[PDB]
Amino acid sequence: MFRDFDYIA
Amino acid sequence: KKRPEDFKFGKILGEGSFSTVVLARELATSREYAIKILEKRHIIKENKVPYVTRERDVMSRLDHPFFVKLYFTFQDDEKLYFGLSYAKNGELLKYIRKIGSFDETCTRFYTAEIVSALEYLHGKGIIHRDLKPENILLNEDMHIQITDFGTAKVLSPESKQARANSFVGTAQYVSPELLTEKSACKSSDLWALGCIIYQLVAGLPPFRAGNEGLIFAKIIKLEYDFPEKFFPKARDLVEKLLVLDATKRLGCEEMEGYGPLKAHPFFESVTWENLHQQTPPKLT
Ligand SMILES: Nc1ncnc2c1ncn2[C@@H]1O[C@H](COP(=O)(O)OP(=O)(O)OP(=O)(O)O)[C@@H](O)[C@H]1O
């Protein structure tokens with residue numbers, strides 16, 4: 001999972 | 001997309017139950033971040049995935065000077081990483097302990113920053129639910145940086161949701177409605193604000209005991225008292241926040257919001273615009 005975890009402001 | 005090898009890690013800044021926060025320098029830019037690192041196996045085993053998702057989702061919505069900023073997240077096979085602004089001066093709680101009691105000027109200034117932050121947060125339909133001095137960090141310039149959003153709640157605008165059902169918080173600052181009605185609302189954070197103002201002046205929060213059940217019993221009975229010399233306008237404000245009926249707390253939606261709160265006499269000398277650009281009073 002954690003597929004929707006990555007993030008960049 | 002950032003990667004672990006993009007950073008040089010330095011000292012551990014803190015440890016939580018399922019996380020470690022490390023100071024890091026980004027090699028390409030020389031910027032410093034506080035990077036919160038969680039082990040995937042551990043969070044999966046211990047049912048903490050929703051809290052990690054929540055922290056990311058809530059922080060991604062915030063862009064205000066009185067909140068820790070989430071700049072990026074990334075992952076590798078073993079870990080999750082949150083790149084956060086570094087609050088060099090640590091927790092507000094440290095200063096309450098060091099000094100014992102804040103003077104009126106300092107109480108007013110820091111209370112005003114917290115009120116300004118809550119105005120922003122509530123305007124976005126977000127309830128913090130764990131507001132307390134350990135979760136109010138300080139930056140290099142001694143302005144507040146509110147953190148700890150894994151137990152926060154984004155209320156759905158589509159359903160005009162006002163109440164949230166998860167049982168979260170810290171006993172000393174938990175609202176009576178969460179204890180009795182089993183839900184929290186934006187006004188629950190105003191209860192916590194009252195407790196914090198009391199603590200800044202008195203040195204300890206108002207509902208005190210050696211175990212949680214005893215604290216809960218005091219909260220639901222509004223069983224607390226003020227010490228001597230407690231600044232009279234601050235006392236009046238606390239009495240308007242520590243109200244059992246959540247619809248009667250100064251600043252709540254049913255009391256017509258932040259205007260009346262910011263107009264309280266305790267804040268008469270406050271310039272609410274650009275607080276984050278004002279020099280904070282020295283803590284002494
Ligand atoms: N952005 C930051 N800048 C500086 N220090 C920080 C920052 N974020 C967290 N810390 C420090 O690291 C500590 C650990 O934070 P973390 O959010 O990992 O766990 P916690 O919330 O303290 O613990 P628990 O999850 O058990 O309640 C914090 O208590 C704080 O003192």
# chains A, B, ... in the order shown; residues from 1 in each chain; ligands from 1

$ interface_residues --of "chain A" --to "chain B" --cutoff "6 Å" --atoms "only C-alpha atoms" --output "list in words"
residues 6, 7, 8 and 9 of chain A

$ residues_near_ligand --ligand "ligand 1" --cutoff "7 Å" --atoms "only C-alpha atoms and all ligand atoms" --output "MDAnalysis selection string"
chainID B and resid 13:21 34 36 68 84:88 90:91 134 147:148

$ closest_residue --among "B:159, B:213, B:250, B:208" --to "residue 188 in chain B" --atoms "only C-alpha atoms"
B:250

$ residues_around --residues "residue 99 in chain B" --least-positions-apart "2" --cutoff "12 Å" --atoms "only C-alpha atoms" --output "mmCIF file with C-alpha atoms, in the first residue's frame"
data_model
loop_
_atom_site.group_PDB
_atom_site.id
_atom_site.type_symbol
_atom_site.label_atom_id
_atom_site.label_comp_id
_atom_site.auth_asym_id
_atom_site.auth_seq_id
_atom_site.Cartn_x
_atom_site.Cartn_y
_atom_site.Cartn_z
ATOM 1 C CA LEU B 92 6.170 25.541 24.164
ATOM 2 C CA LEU B 93 5.898 23.220 27.175
ATOM 3 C CA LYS B 94 9.674 23.488 27.735
ATOM 4 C CA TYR B 95 9.342 27.228 28.297
ATOM 5 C CA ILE B 96 6.354 26.960 30.615
ATOM 6 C CA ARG B 97 8.421 24.592 32.700
ATOM 7 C CA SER B 101 4.506 31.157 34.590
ATOM 8 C CA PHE B 102 4.334 33.581 31.652
ATOM 9 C CA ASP B 103 3.850 37.287 32.321
ATOM 10 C CA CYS B 106 3.819 36.957 26.869
ATOM 11 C CA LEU B 200 0.545 29.669 30.709
ATOM 12 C CA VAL B 201 -0.483 31.806 33.666
ATOM 13 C CA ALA B 202 -0.852 29.193 36.448
ATOM 14 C CA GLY B 203 2.017 26.903 35.462
ATOM 15 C CA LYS B 282 11.168 37.889 25.466
ATOM 16 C CA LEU B 283 10.185 35.013 27.752
ATOM 17 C CA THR B 284 11.405 35.874 31.216
#

$ residues_around --residues "residue 255 in chain B" --least-positions-apart "5" --cutoff "12 Å" --atoms "only C-alpha atoms" --output "ChimeraX atom specification"
/B:187,190,240-241,245-250,260-261

$ write_last_selection --atoms "N, CA and C atoms" --output "PDB file, in the first residue's frame"
ATOM      1  N   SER B 187     -15.339  23.560  18.398  1.00  0.00           N
ATOM      2  CA  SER B 187     -15.332  24.163  19.729  1.00  0.00           C
ATOM      3  C   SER B 187     -14.528  23.359  20.761  1.00  0.00           C
ATOM      4  N   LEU B 190     -11.375  24.997  21.296  1.00  0.00           N
ATOM      5  CA  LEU B 190     -11.507  26.205  22.143  1.00  0.00           C
ATOM      6  C   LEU B 190     -11.446  25.874  23.625  1.00  0.00           C
ATOM      7  N   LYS B 240     -14.784  32.038  29.798  1.00  0.00           N
ATOM      8  CA  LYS B 240     -15.641  32.053  28.613  1.00  0.00           C
ATOM      9  C   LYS B 240     -15.291  30.943  27.609  1.00  0.00           C
ATOM     10  N   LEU B 241     -14.206  30.212  27.878  1.00  0.00           N
ATOM     11  CA  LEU B 241     -13.754  29.104  27.034  1.00  0.00           C
ATOM     12  C   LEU B 241     -14.035  27.771  27.700  1.00  0.00           C
ATOM     13  N   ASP B 245     -21.093  23.511  27.895  1.00  0.00           N
ATOM     14  CA  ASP B 245     -21.865  23.542  26.648  1.00  0.00           C
ATOM     15  C   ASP B 245     -20.981  24.074  25.518  1.00  0.00           C
ATOM     16  N   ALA B 246     -20.655  23.208  24.571  1.00  0.00           N
ATOM     17  CA  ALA B 246     -19.725  23.561  23.509  1.00  0.00           C
ATOM     18  C   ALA B 246     -20.241  24.666  22.600  1.00  0.00           C
ATOM     19  N   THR B 247     -21.552  24.914  22.617  1.00  0.00           N
ATOM     20  CA  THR B 247     -22.156  25.965  21.792  1.00  0.00           C
ATOM     21  C   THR B 247     -22.105  27.330  22.448  1.00  0.00           C
ATOM     22  N   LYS B 248     -21.527  27.408  23.646  1.00  0.00           N
ATOM     23  CA  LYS B 248     -21.489  28.654  24.410  1.00  0.00           C
ATOM     24  C   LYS B 248     -20.067  29.146  24.664  1.00  0.00           C
ATOM     25  N   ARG B 249     -19.092  28.555  23.987  1.00  0.00           N
ATOM     26  CA  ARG B 249     -17.692  28.960  24.119  1.00  0.00           C
ATOM     27  C   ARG B 249     -17.385  30.127  23.189  1.00  0.00           C
ATOM     28  N   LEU B 250     -16.709  31.131  23.723  1.00  0.00           N
ATOM     29  CA  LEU B 250     -16.366  32.308  22.934  1.00  0.00           C
ATOM     30  C   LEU B 250     -15.445  31.864  21.795  1.00  0.00           C
ATOM     31  N   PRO B 260     -15.891  37.933  17.850  1.00  0.00           N
ATOM     32  CA  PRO B 260     -16.110  38.218  19.271  1.00  0.00           C
ATOM     33  C   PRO B 260     -14.968  37.755  20.165  1.00  0.00           C
ATOM     34  N   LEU B 261     -14.280  36.674  19.800  1.00  0.00           N
ATOM     35  CA  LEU B 261     -13.146  36.181  20.585  1.00  0.00           C
ATOM     36  C   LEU B 261     -11.982  37.170  20.502  1.00  0.00           C
TER      37      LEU B 261
END

$ closest_residue --among "B:9, B:173, B:66, B:267" --to "residue 216 in chain B" --atoms "only C-alpha atoms"
B:173

$ closest_residue --among "B:33, B:76, B:224, B:269" --to "residue 3 in chain A" --atoms "only C-alpha atoms"
B:76

$ atom_distance --atom1 "CA of residue 252 in chain B" --atom2 "CA of residue 191 in chain B"
10.1 Å

$ select_by_dssp --residues "range 119-275 of chain B" --states "alpha helix (DSSP H)" --output "PDB file with N, CA, C and O atoms, in the first residue's frame"
ATOM      1  N   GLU B 119      -8.259  30.149  14.160  1.00  0.00           N
ATOM      2  CA  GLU B 119      -9.141  30.815  13.199  1.00  0.00           C
ATOM      3  C   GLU B 119      -8.895  30.278  11.779  1.00  0.00           C
ATOM      4  O   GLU B 119      -9.829  29.982  11.032  1.00  0.00           O
ATOM      5  N   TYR B 120      -7.629  30.166  11.400  1.00  0.00           N
ATOM      6  CA  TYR B 120      -7.269  29.630  10.105  1.00  0.00           C
ATOM      7  C   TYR B 120      -7.717  28.171   9.956  1.00  0.00           C
ATOM      8  O   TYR B 120      -8.341  27.769   8.959  1.00  0.00           O
ATOM      9  N   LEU B 121      -7.407  27.368  10.965  1.00  0.00           N
ATOM     10  CA  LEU B 121      -7.684  25.942  10.891  1.00  0.00           C
ATOM     11  C   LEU B 121      -9.191  25.699  10.805  1.00  0.00           C
ATOM     12  O   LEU B 121      -9.661  24.925   9.977  1.00  0.00           O
ATOM     13  N   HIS B 122      -9.948  26.371  11.660  1.00  0.00           N
ATOM     14  CA  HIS B 122     -11.385  26.188  11.687  1.00  0.00           C
ATOM     15  C   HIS B 122     -12.033  26.740  10.418  1.00  0.00           C
ATOM     16  O   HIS B 122     -13.022  26.183   9.948  1.00  0.00           O
ATOM     17  N   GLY B 123     -11.455  27.789   9.833  1.00  0.00           N
ATOM     18  CA  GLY B 123     -11.958  28.311   8.580  1.00  0.00           C
ATOM     19  C   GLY B 123     -11.822  27.319   7.445  1.00  0.00           C
ATOM     20  O   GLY B 123     -12.536  27.417   6.445  1.00  0.00           O
ATOM     21  N   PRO B 176     -15.343  18.122  27.392  1.00  0.00           N
ATOM     22  CA  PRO B 176     -16.412  17.343  28.020  1.00  0.00           C
ATOM     23  C   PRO B 176     -17.323  16.667  27.015  1.00  0.00           C
ATOM     24  O   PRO B 176     -17.830  15.577  27.310  1.00  0.00           O
ATOM     25  N   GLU B 177     -17.544  17.285  25.861  1.00  0.00           N
ATOM     26  CA  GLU B 177     -18.412  16.671  24.851  1.00  0.00           C
ATOM     27  C   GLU B 177     -17.831  15.377  24.315  1.00  0.00           C
ATOM     28  O   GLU B 177     -18.568  14.438  24.010  1.00  0.00           O
ATOM     29  N   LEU B 178     -16.515  15.290  24.209  1.00  0.00           N
ATOM     30  CA  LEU B 178     -15.945  14.045  23.735  1.00  0.00           C
ATOM     31  C   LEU B 178     -16.144  12.957  24.785  1.00  0.00           C
ATOM     32  O   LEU B 178     -16.480  11.825  24.458  1.00  0.00           O
ATOM     33  N   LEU B 179     -16.004  13.314  26.050  1.00  0.00           N
ATOM     34  CA  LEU B 179     -16.195  12.339  27.124  1.00  0.00           C
ATOM     35  C   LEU B 179     -17.641  11.868  27.261  1.00  0.00           C
ATOM     36  O   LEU B 179     -17.887  10.699  27.566  1.00  0.00           O
ATOM     37  N   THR B 180     -18.593  12.769  27.064  1.00  0.00           N
ATOM     38  CA  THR B 180     -19.984  12.481  27.398  1.00  0.00           C
ATOM     39  C   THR B 180     -20.819  12.137  26.172  1.00  0.00           C
ATOM     40  O   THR B 180     -21.657  11.248  26.237  1.00  0.00           O
ATOM     41  N   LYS B 186     -15.375  21.703  16.351  1.00  0.00           N
ATOM     42  CA  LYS B 186     -14.366  22.769  16.334  1.00  0.00           C
ATOM     43  C   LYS B 186     -14.213  23.392  17.706  1.00  0.00           C
ATOM     44  O   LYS B 186     -13.089  23.706  18.140  1.00  0.00           O
ATOM     45  N   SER B 187     -15.339  23.560  18.398  1.00  0.00           N
ATOM     46  CA  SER B 187     -15.332  24.163  19.729  1.00  0.00           C
ATOM     47  C   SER B 187     -14.528  23.359  20.761  1.00  0.00           C
ATOM     48  O   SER B 187     -14.064  23.905  21.780  1.00  0.00           O
ATOM     49  N   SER B 188     -14.325  22.069  20.501  1.00  0.00           N
ATOM     50  CA  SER B 188     -13.455  21.271  21.368  1.00  0.00           C
ATOM     51  C   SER B 188     -12.029  21.840  21.443  1.00  0.00           C
ATOM     52  O   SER B 188     -11.365  21.744  22.487  1.00  0.00           O
ATOM     53  N   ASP B 189     -11.550  22.424  20.352  1.00  0.00           N
ATOM     54  CA  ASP B 189     -10.227  23.048  20.351  1.00  0.00           C
ATOM     55  C   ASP B 189     -10.225  24.335  21.188  1.00  0.00           C
ATOM     56  O   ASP B 189      -9.190  24.731  21.708  1.00  0.00           O
ATOM     57  N   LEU B 190     -11.375  24.997  21.296  1.00  0.00           N
ATOM     58  CA  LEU B 190     -11.507  26.205  22.143  1.00  0.00           C
ATOM     59  C   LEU B 190     -11.446  25.874  23.625  1.00  0.00           C
ATOM     60  O   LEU B 190     -10.893  26.630  24.426  1.00  0.00           O
ATOM     61  N   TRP B 191     -11.986  24.718  23.978  1.00  0.00           N
ATOM     62  CA  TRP B 191     -11.814  24.187  25.326  1.00  0.00           C
ATOM     63  C   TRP B 191     -10.331  23.987  25.601  1.00  0.00           C
ATOM     64  O   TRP B 191      -9.829  24.443  26.647  1.00  0.00           O
ATOM     65  N   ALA B 192      -9.616  23.332  24.685  1.00  0.00           N
ATOM     66  CA  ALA B 192      -8.177  23.119  24.864  1.00  0.00           C
ATOM     67  C   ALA B 192      -7.439  24.463  24.979  1.00  0.00           C
ATOM     68  O   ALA B 192      -6.539  24.609  25.794  1.00  0.00           O
ATOM     69  N   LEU B 193      -7.819  25.444  24.163  1.00  0.00           N
ATOM     70  CA  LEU B 193      -7.246  26.795  24.278  1.00  0.00           C
ATOM     71  C   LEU B 193      -7.402  27.367  25.684  1.00  0.00           C
ATOM     72  O   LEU B 193      -6.455  27.919  26.249  1.00  0.00           O
ATOM     73  N   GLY B 194      -8.546  27.228  26.285  1.00  0.00           N
ATOM     74  CA  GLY B 194      -8.771  27.670  27.637  1.00  0.00           C
ATOM     75  C   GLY B 194      -7.844  27.023  28.646  1.00  0.00           C
ATOM     76  O   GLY B 194      -7.325  27.636  29.499  1.00  0.00           O
ATOM     77  N   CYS B 195      -7.658  25.753  28.503  1.00  0.00           N
ATOM     78  CA  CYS B 195      -6.741  25.004  29.330  1.00  0.00           C
ATOM     79  C   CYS B 195      -5.315  25.512  29.153  1.00  0.00           C
ATOM     80  O   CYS B 195      -4.599  25.625  30.093  1.00  0.00           O
ATOM     81  N   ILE B 196      -4.927  25.826  27.928  1.00  0.00           N
ATOM     82  CA  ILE B 196      -3.596  26.303  27.623  1.00  0.00           C
ATOM     83  C   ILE B 196      -3.354  27.703  28.201  1.00  0.00           C
ATOM     84  O   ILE B 196      -2.349  27.922  28.784  1.00  0.00           O
ATOM     85  N   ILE B 197      -4.303  28.591  28.040  1.00  0.00           N
ATOM     86  CA  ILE B 197      -4.173  29.928  28.621  1.00  0.00           C
ATOM     87  C   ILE B 197      -3.999  29.809  30.130  1.00  0.00           C
ATOM     88  O   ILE B 197      -3.097  30.439  30.721  1.00  0.00           O
ATOM     89  N   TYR B 198      -4.854  29.017  30.763  1.00  0.00           N
ATOM     90  CA  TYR B 198      -4.740  28.756  32.206  1.00  0.00           C
ATOM     91  C   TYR B 198      -3.336  28.272  32.556  1.00  0.00           C
ATOM     92  O   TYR B 198      -2.698  28.795  33.485  1.00  0.00           O
ATOM     93  N   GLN B 199      -2.815  27.331  31.791  1.00  0.00           N
ATOM     94  CA  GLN B 199      -1.505  26.758  32.048  1.00  0.00           C
ATOM     95  C   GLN B 199      -0.379  27.772  31.894  1.00  0.00           C
ATOM     96  O   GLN B 199       0.587  27.756  32.653  1.00  0.00           O
ATOM     97  N   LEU B 200      -0.476  28.643  30.892  1.00  0.00           N
ATOM     98  CA  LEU B 200       0.545  29.669  30.709  1.00  0.00           C
ATOM     99  C   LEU B 200       0.664  30.558  31.919  1.00  0.00           C
ATOM    100  O   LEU B 200       1.758  30.937  32.289  1.00  0.00           O
ATOM    101  N   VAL B 201      -0.465  30.895  32.521  1.00  0.00           N
ATOM    102  CA  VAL B 201      -0.483  31.806  33.666  1.00  0.00           C
ATOM    103  C   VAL B 201      -0.209  31.099  35.000  1.00  0.00           C
ATOM    104  O   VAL B 201       0.535  31.622  35.849  1.00  0.00           O
ATOM    105  N   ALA B 202      -0.851  29.940  35.193  1.00  0.00           N
ATOM    106  CA  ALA B 202      -0.852  29.193  36.448  1.00  0.00           C
ATOM    107  C   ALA B 202       0.309  28.227  36.573  1.00  0.00           C
ATOM    108  O   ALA B 202       0.661  27.831  37.682  1.00  0.00           O
ATOM    109  N   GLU B 212      -5.956   9.289  34.468  1.00  0.00           N
ATOM    110  CA  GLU B 212      -6.893   9.840  33.497  1.00  0.00           C
ATOM    111  C   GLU B 212      -8.325   9.837  33.990  1.00  0.00           C
ATOM    112  O   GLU B 212      -9.028  10.819  33.801  1.00  0.00           O
ATOM    113  N   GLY B 213      -8.765   8.760  34.639  1.00  0.00           N
ATOM    114  CA  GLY B 213     -10.151   8.685  35.058  1.00  0.00           C
ATOM    115  C   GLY B 213     -10.525   9.820  36.013  1.00  0.00           C
ATOM    116  O   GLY B 213     -11.611  10.386  35.940  1.00  0.00           O
ATOM    117  N   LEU B 214      -9.616  10.165  36.914  1.00  0.00           N
ATOM    118  CA  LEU B 214      -9.842  11.266  37.834  1.00  0.00           C
ATOM    119  C   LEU B 214      -9.920  12.611  37.093  1.00  0.00           C
ATOM    120  O   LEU B 214     -10.746  13.469  37.430  1.00  0.00           O
ATOM    121  N   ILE B 215      -9.059  12.811  36.100  1.00  0.00           N
ATOM    122  CA  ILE B 215      -9.116  14.020  35.272  1.00  0.00           C
ATOM    123  C   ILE B 215     -10.467  14.113  34.556  1.00  0.00           C
ATOM    124  O   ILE B 215     -11.097  15.156  34.556  1.00  0.00           O
ATOM    125  N   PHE B 216     -10.924  13.016  33.958  1.00  0.00           N
ATOM    126  CA  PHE B 216     -12.199  13.019  33.264  1.00  0.00           C
ATOM    127  C   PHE B 216     -13.343  13.432  34.188  1.00  0.00           C
ATOM    128  O   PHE B 216     -14.239  14.163  33.779  1.00  0.00           O
ATOM    129  N   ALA B 217     -13.335  12.941  35.431  1.00  0.00           N
ATOM    130  CA  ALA B 217     -14.411  13.257  36.360  1.00  0.00           C
ATOM    131  C   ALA B 217     -14.443  14.744  36.685  1.00  0.00           C
ATOM    132  O   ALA B 217     -15.513  15.336  36.822  1.00  0.00           O
ATOM    133  N   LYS B 218     -13.266  15.340  36.819  1.00  0.00           N
ATOM    134  CA  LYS B 218     -13.172  16.772  37.043  1.00  0.00           C
ATOM    135  C   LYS B 218     -13.630  17.594  35.842  1.00  0.00           C
ATOM    136  O   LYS B 218     -14.285  18.620  35.996  1.00  0.00           O
ATOM    137  N   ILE B 219     -13.253  17.170  34.649  1.00  0.00           N
ATOM    138  CA  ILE B 219     -13.641  17.894  33.445  1.00  0.00           C
ATOM    139  C   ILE B 219     -15.159  17.984  33.355  1.00  0.00           C
ATOM    140  O   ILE B 219     -15.714  19.060  33.113  1.00  0.00           O
ATOM    141  N   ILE B 220     -15.844  16.860  33.532  1.00  0.00           N
ATOM    142  CA  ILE B 220     -17.270  16.848  33.269  1.00  0.00           C
ATOM    143  C   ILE B 220     -18.050  17.607  34.338  1.00  0.00           C
ATOM    144  O   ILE B 220     -19.177  18.018  34.091  1.00  0.00           O
ATOM    145  N   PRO B 232      -6.737  39.354  35.712  1.00  0.00           N
ATOM    146  CA  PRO B 232      -8.207  39.339  35.698  1.00  0.00           C
ATOM    147  C   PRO B 232      -8.844  39.223  34.315  1.00  0.00           C
ATOM    148  O   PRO B 232      -9.828  38.483  34.175  1.00  0.00           O
ATOM    149  N   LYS B 233      -8.310  39.890  33.295  1.00  0.00           N
ATOM    150  CA  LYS B 233      -8.930  39.755  31.974  1.00  0.00           C
ATOM    151  C   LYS B 233      -8.674  38.371  31.355  1.00  0.00           C
ATOM    152  O   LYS B 233      -9.516  37.850  30.602  1.00  0.00           O
ATOM    153  N   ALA B 234      -7.538  37.762  31.700  1.00  0.00           N
ATOM    154  CA  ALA B 234      -7.256  36.384  31.282  1.00  0.00           C
ATOM    155  C   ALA B 234      -8.201  35.415  31.970  1.00  0.00           C
ATOM    156  O   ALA B 234      -8.677  34.480  31.345  1.00  0.00           O
ATOM    157  N   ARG B 235      -8.459  35.628  33.250  1.00  0.00           N
ATOM    158  CA  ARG B 235      -9.427  34.802  33.981  1.00  0.00           C
ATOM    159  C   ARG B 235     -10.785  34.867  33.312  1.00  0.00           C
ATOM    160  O   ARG B 235     -11.425  33.831  33.100  1.00  0.00           O
ATOM    161  N   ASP B 236     -11.224  36.073  32.959  1.00  0.00           N
ATOM    162  CA  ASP B 236     -12.522  36.233  32.302  1.00  0.00           C
ATOM    163  C   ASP B 236     -12.558  35.451  30.987  1.00  0.00           C
ATOM    164  O   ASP B 236     -13.530  34.743  30.699  1.00  0.00           O
ATOM    165  N   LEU B 237     -11.487  35.555  30.207  1.00  0.00           N
ATOM    166  CA  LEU B 237     -11.404  34.809  28.959  1.00  0.00           C
ATOM    167  C   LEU B 237     -11.462  33.288  29.190  1.00  0.00           C
ATOM    168  O   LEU B 237     -12.200  32.574  28.488  1.00  0.00           O
ATOM    169  N   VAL B 238     -10.672  32.774  30.133  1.00  0.00           N
ATOM    170  CA  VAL B 238     -10.683  31.349  30.423  1.00  0.00           C
ATOM    171  C   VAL B 238     -12.089  30.888  30.810  1.00  0.00           C
ATOM    172  O   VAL B 238     -12.559  29.843  30.338  1.00  0.00           O
ATOM    173  N   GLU B 239     -12.789  31.693  31.616  1.00  0.00           N
ATOM    174  CA  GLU B 239     -14.146  31.347  32.049  1.00  0.00           C
ATOM    175  C   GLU B 239     -15.130  31.346  30.886  1.00  0.00           C
ATOM    176  O   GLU B 239     -16.196  30.718  30.973  1.00  0.00           O
ATOM    177  N   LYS B 240     -14.784  32.038  29.798  1.00  0.00           N
ATOM    178  CA  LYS B 240     -15.641  32.053  28.613  1.00  0.00           C
ATOM    179  C   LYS B 240     -15.291  30.943  27.609  1.00  0.00           C
ATOM    180  O   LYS B 240     -16.009  30.753  26.627  1.00  0.00           O
ATOM    181  N   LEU B 241     -14.206  30.212  27.878  1.00  0.00           N
ATOM    182  CA  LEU B 241     -13.754  29.104  27.034  1.00  0.00           C
ATOM    183  C   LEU B 241     -14.035  27.771  27.700  1.00  0.00           C
ATOM    184  O   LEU B 241     -14.466  26.820  27.046  1.00  0.00           O
ATOM    185  N   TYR B 258     -14.875  33.976  15.358  1.00  0.00           N
ATOM    186  CA  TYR B 258     -13.642  34.532  15.902  1.00  0.00           C
ATOM    187  C   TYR B 258     -13.685  36.031  16.163  1.00  0.00           C
ATOM    188  O   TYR B 258     -12.883  36.527  16.952  1.00  0.00           O
ATOM    189  N   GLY B 259     -14.590  36.765  15.512  1.00  0.00           N
ATOM    190  CA  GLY B 259     -14.688  38.196  15.756  1.00  0.00           C
ATOM    191  C   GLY B 259     -14.862  38.515  17.229  1.00  0.00           C
ATOM    192  O   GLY B 259     -14.079  39.289  17.818  1.00  0.00           O
ATOM    193  N   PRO B 260     -15.891  37.933  17.850  1.00  0.00           N
ATOM    194  CA  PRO B 260     -16.110  38.218  19.271  1.00  0.00           C
ATOM    195  C   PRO B 260     -14.968  37.755  20.165  1.00  0.00           C
ATOM    196  O   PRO B 260     -14.722  38.400  21.177  1.00  0.00           O
ATOM    197  N   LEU B 261     -14.280  36.674  19.800  1.00  0.00           N
ATOM    198  CA  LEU B 261     -13.146  36.181  20.585  1.00  0.00           C
ATOM    199  C   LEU B 261     -11.982  37.170  20.502  1.00  0.00           C
ATOM    200  O   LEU B 261     -11.419  37.556  21.527  1.00  0.00           O
ATOM    201  N   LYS B 262     -11.649  37.602  19.286  1.00  0.00           N
ATOM    202  CA  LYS B 262     -10.545  38.537  19.078  1.00  0.00           C
ATOM    203  C   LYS B 262     -10.834  39.903  19.699  1.00  0.00           C
ATOM    204  O   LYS B 262      -9.900  40.630  20.037  1.00  0.00           O
TER     205      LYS B 262
END

$ atom_distance --atom1 "CA of residue 124 in chain B" --atom2 "CA of residue 140 in chain B"
26.7 Å

$ closest_residue --among "B:105, B:170, B:156, B:89" --to "residue 137 in chain B" --atoms "only C-alpha atoms"
B:89

$ atom_distance --atom1 "CA of residue 273 in chain B" --atom2 "CA of residue 151 in chain B"
29.1 Å

$ closest_residue --among "B:271, B:211, B:278, B:175" --to "residue 242 in chain B" --atoms "only C-alpha atoms"
B:175

$ decode --residues "range 115-128 of chain B" --atoms "N, CA and C atoms" --output "PDB file, in the first residue's frame"
ATOM      1  N   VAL B 115      -4.861  31.714  18.860  1.00  0.00           N
ATOM      2  CA  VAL B 115      -6.177  32.080  18.371  1.00  0.00           C
ATOM      3  C   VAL B 115      -6.146  32.324  16.856  1.00  0.00           C
ATOM      4  N   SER B 116      -5.131  33.018  16.369  1.00  0.00           N
ATOM      5  CA  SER B 116      -5.005  33.267  14.948  1.00  0.00           C
ATOM      6  C   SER B 116      -4.873  31.946  14.172  1.00  0.00           C
ATOM      7  N   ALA B 117      -4.094  31.016  14.719  1.00  0.00           N
ATOM      8  CA  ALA B 117      -3.912  29.725  14.078  1.00  0.00           C
ATOM      9  C   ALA B 117      -5.224  28.954  14.034  1.00  0.00           C
ATOM     10  N   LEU B 118      -5.938  28.922  15.160  1.00  0.00           N
ATOM     11  CA  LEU B 118      -7.222  28.223  15.211  1.00  0.00           C
ATOM     12  C   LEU B 118      -8.267  28.831  14.281  1.00  0.00           C
ATOM     13  N   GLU B 119      -8.259  30.149  14.160  1.00  0.00           N
ATOM     14  CA  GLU B 119      -9.141  30.815  13.199  1.00  0.00           C
ATOM     15  C   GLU B 119      -8.895  30.278  11.779  1.00  0.00           C
ATOM     16  N   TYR B 120      -7.629  30.166  11.400  1.00  0.00           N
ATOM     17  CA  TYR B 120      -7.269  29.630  10.105  1.00  0.00           C
ATOM     18  C   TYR B 120      -7.717  28.171   9.956  1.00  0.00           C
ATOM     19  N   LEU B 121      -7.407  27.368  10.965  1.00  0.00           N
ATOM     20  CA  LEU B 121      -7.684  25.942  10.891  1.00  0.00           C
ATOM     21  C   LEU B 121      -9.191  25.699  10.805  1.00  0.00           C
ATOM     22  N   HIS B 122      -9.948  26.371  11.660  1.00  0.00           N
ATOM     23  CA  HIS B 122     -11.385  26.188  11.687  1.00  0.00           C
ATOM     24  C   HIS B 122     -12.033  26.740  10.418  1.00  0.00           C
ATOM     25  N   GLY B 123     -11.455  27.789   9.833  1.00  0.00           N
ATOM     26  CA  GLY B 123     -11.958  28.311   8.580  1.00  0.00           C
ATOM     27  C   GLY B 123     -11.822  27.319   7.445  1.00  0.00           C
ATOM     28  N   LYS B 124     -10.905  26.370   7.598  1.00  0.00           N
ATOM     29  CA  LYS B 124     -10.728  25.289   6.625  1.00  0.00           C
ATOM     30  C   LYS B 124     -11.537  24.042   6.988  1.00  0.00           C
ATOM     31  N   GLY B 125     -12.299  24.129   8.067  1.00  0.00           N
ATOM     32  CA  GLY B 125     -13.145  23.032   8.490  1.00  0.00           C
ATOM     33  C   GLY B 125     -12.342  21.899   9.100  1.00  0.00           C
ATOM     34  N   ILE B 126     -11.234  22.225   9.770  1.00  0.00           N
ATOM     35  CA  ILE B 126     -10.375  21.204  10.372  1.00  0.00           C
ATOM     36  C   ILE B 126     -10.365  21.373  11.879  1.00  0.00           C
ATOM     37  N   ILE B 127     -10.559  20.261  12.596  1.00  0.00           N
ATOM     38  CA  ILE B 127     -10.468  20.226  14.058  1.00  0.00           C
ATOM     39  C   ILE B 127      -9.111  19.605  14.420  1.00  0.00           C
ATOM     40  N   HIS B 128      -8.344  20.242  15.291  1.00  0.00           N
ATOM     41  CA  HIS B 128      -7.069  19.672  15.686  1.00  0.00           C
ATOM     42  C   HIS B 128      -7.229  18.441  16.589  1.00  0.00           C
TER      43      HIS B 128
END
